[PDB]
>>> print(open('run18.txt').read())   # compact mmCIF, N, CA and C atoms
# COMPACT_ATOMS: atom_id res chain seq x y z
N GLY A 1 0.82 -1.20 0.00
CA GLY A 1 0.00 0.00 0.00
C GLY A 1 0.87 1.26 0.00
N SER A 2 0.19 2.40 0.01
CA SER A 2 0.89 3.68 0.01
C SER A 2 1.41 3.99 1.42
N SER A 3 2.63 4.51 1.46
CA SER A 3 3.25 4.86 2.72
C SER A 3 4.49 5.72 2.48
N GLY A 4 4.78 6.57 3.45
CA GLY A 4 5.93 7.46 3.35
C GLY A 4 6.02 8.38 4.57
N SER A 5 6.52 9.58 4.33
CA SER A 5 6.66 10.56 5.39
C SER A 5 5.83 11.81 5.07
N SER A 6 5.13 12.29 6.09
CA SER A 6 4.30 13.47 5.93
C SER A 6 4.62 14.49 7.02
N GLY A 7 4.94 15.70 6.58
CA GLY A 7 5.27 16.77 7.51
C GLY A 7 6.55 16.44 8.29
N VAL A 8 6.67 17.07 9.45
CA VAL A 8 7.82 16.85 10.30
C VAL A 8 7.94 15.36 10.63
N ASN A 9 8.73 15.08 11.66
CA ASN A 9 8.93 13.70 12.09
C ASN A 9 8.99 13.65 13.62
N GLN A 10 8.17 12.78 14.18
CA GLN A 10 8.11 12.62 15.62
C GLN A 10 9.48 12.19 16.16
N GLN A 11 10.09 11.25 15.45
CA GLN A 11 11.40 10.75 15.85
C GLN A 11 12.27 11.90 16.36
N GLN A 12 12.70 12.74 15.43
CA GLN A 12 13.54 13.87 15.78
C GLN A 12 12.89 14.70 16.89
N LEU A 13 11.63 15.04 16.66
CA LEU A 13 10.88 15.83 17.63
C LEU A 13 11.08 15.23 19.03
N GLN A 14 10.54 14.04 19.21
CA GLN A 14 10.65 13.35 20.49
C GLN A 14 12.12 13.25 20.91
N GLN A 15 12.94 12.83 19.97
CA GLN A 15 14.37 12.69 20.23
C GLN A 15 14.90 13.92 20.97
N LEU A 16 14.68 15.07 20.35
CA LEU A 16 15.12 16.33 20.94
C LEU A 16 14.32 16.61 22.21
N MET A 17 13.00 16.66 22.04
CA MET A 17 12.11 16.92 23.15
C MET A 17 12.55 16.14 24.39
N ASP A 18 13.13 14.98 24.15
CA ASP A 18 13.59 14.13 25.24
C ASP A 18 14.76 14.82 25.95
N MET A 19 15.69 15.31 25.15
CA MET A 19 16.86 15.99 25.69
C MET A 19 16.45 17.03 26.73
N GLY A 20 15.23 17.53 26.57
CA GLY A 20 14.71 18.53 27.49
C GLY A 20 14.48 19.86 26.77
N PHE A 21 13.51 19.85 25.86
CA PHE A 21 13.19 21.05 25.10
C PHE A 21 11.67 21.27 25.05
N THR A 22 11.28 22.26 24.27
CA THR A 22 9.87 22.59 24.13
C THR A 22 9.38 22.20 22.74
N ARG A 23 8.25 21.49 22.72
CA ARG A 23 7.67 21.05 21.47
C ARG A 23 7.57 22.22 20.49
N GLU A 24 7.27 23.39 21.04
CA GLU A 24 7.14 24.58 20.22
C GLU A 24 8.37 24.76 19.34
N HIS A 25 9.50 24.98 20.00
CA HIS A 25 10.76 25.17 19.29
C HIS A 25 11.11 23.89 18.53
N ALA A 26 11.00 22.78 19.23
CA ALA A 26 11.30 21.49 18.63
C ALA A 26 10.68 21.41 17.24
N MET A 27 9.36 21.54 17.20
CA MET A 27 8.64 21.49 15.94
C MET A 27 9.25 22.46 14.92
N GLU A 28 9.18 23.74 15.26
CA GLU A 28 9.72 24.77 14.38
C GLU A 28 11.13 24.40 13.93
N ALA A 29 11.93 23.96 14.90
CA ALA A 29 13.30 23.57 14.61
C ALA A 29 13.32 22.66 13.38
N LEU A 30 12.76 21.48 13.55
CA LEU A 30 12.71 20.51 12.46
C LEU A 30 12.19 21.20 11.20
N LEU A 31 10.97 21.72 11.29
CA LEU A 31 10.36 22.40 10.17
C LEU A 31 11.39 23.31 9.50
N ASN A 32 11.96 24.20 10.30
CA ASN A 32 12.96 25.13 9.80
C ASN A 32 14.12 24.34 9.19
N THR A 33 14.69 23.46 10.00
CA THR A 33 15.80 22.64 9.55
C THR A 33 15.32 21.59 8.55
N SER A 34 16.13 20.56 8.39
CA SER A 34 15.81 19.48 7.46
C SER A 34 16.26 18.14 8.04
N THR A 35 17.50 18.12 8.50
CA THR A 35 18.07 16.91 9.07
C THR A 35 17.97 16.95 10.60
N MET A 36 18.28 15.81 11.21
CA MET A 36 18.24 15.71 12.66
C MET A 36 19.26 16.64 13.31
N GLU A 37 20.51 16.46 12.93
CA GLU A 37 21.58 17.28 13.46
C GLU A 37 21.15 18.74 13.54
N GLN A 38 20.86 19.30 12.37
CA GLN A 38 20.43 20.69 12.29
C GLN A 38 19.46 21.01 13.43
N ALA A 39 18.47 20.14 13.59
CA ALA A 39 17.48 20.32 14.63
C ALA A 39 18.18 20.62 15.95
N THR A 40 19.06 19.70 16.34
CA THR A 40 19.80 19.86 17.58
C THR A 40 20.28 21.30 17.74
N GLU A 41 21.04 21.75 16.76
CA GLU A 41 21.57 23.11 16.78
C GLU A 41 20.46 24.10 17.12
N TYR A 42 19.46 24.14 16.25
CA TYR A 42 18.33 25.04 16.45
C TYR A 42 17.92 25.09 17.92
N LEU A 43 17.81 23.91 18.51
CA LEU A 43 17.42 23.80 19.91
C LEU A 43 18.59 24.25 20.79
N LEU A 44 19.78 23.80 20.42
CA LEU A 44 20.98 24.14 21.16
C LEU A 44 21.15 25.66 21.17
N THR A 45 20.59 26.29 20.15
CA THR A 45 20.67 27.74 20.03
C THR A 45 19.49 28.40 20.74
N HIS A 46 18.58 27.56 21.23
CA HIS A 46 17.41 28.05 21.93
C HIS A 46 17.09 27.12 23.11
N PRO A 47 17.87 27.30 24.21
CA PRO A 47 17.68 26.48 25.40
C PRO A 47 16.43 26.92 26.16
>>> encode(input="run18.txt", output="structure tokens")
Amino acid sequence: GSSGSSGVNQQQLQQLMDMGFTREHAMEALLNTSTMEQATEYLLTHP
């Protein structure tokens, strides 16, 4: 059947969110960014 990825990704989201962040930034982070690493930075730049 049909399957793939839609919108952001919980993985990264949760992954980061776990580190101790806010879903708000987390989400935007990913959205803004593209890869996981990038996400980290975004968050790392917004504690």
>>> atom_distance(input="run18.txt", atom1="atom N of residue A:35", atom2="atom N of residue A:2")
24.9 Å
>>> atom_distance(input="run18.txt", atom1="atom CA of residue A:37", atom2="atom C of residue A:16")
11.4 Å
>>> closest_residue(input="run18.txt", among="A:4, A:47, A:41, A:10", to="residue A:29", atoms="only N, CA and C atoms")
A:41
>>> select_by_dssp(input="run18.txt", residues="chain A", states="alpha helix (DSSP H)", output="PyMOL selection string")
chain A and resi 10-20+23-32+36-44
>>> atom_distance(input="run18.txt", atom1="atom C of residue A:18", atom2="atom C of residue A:3")
27.2 Å
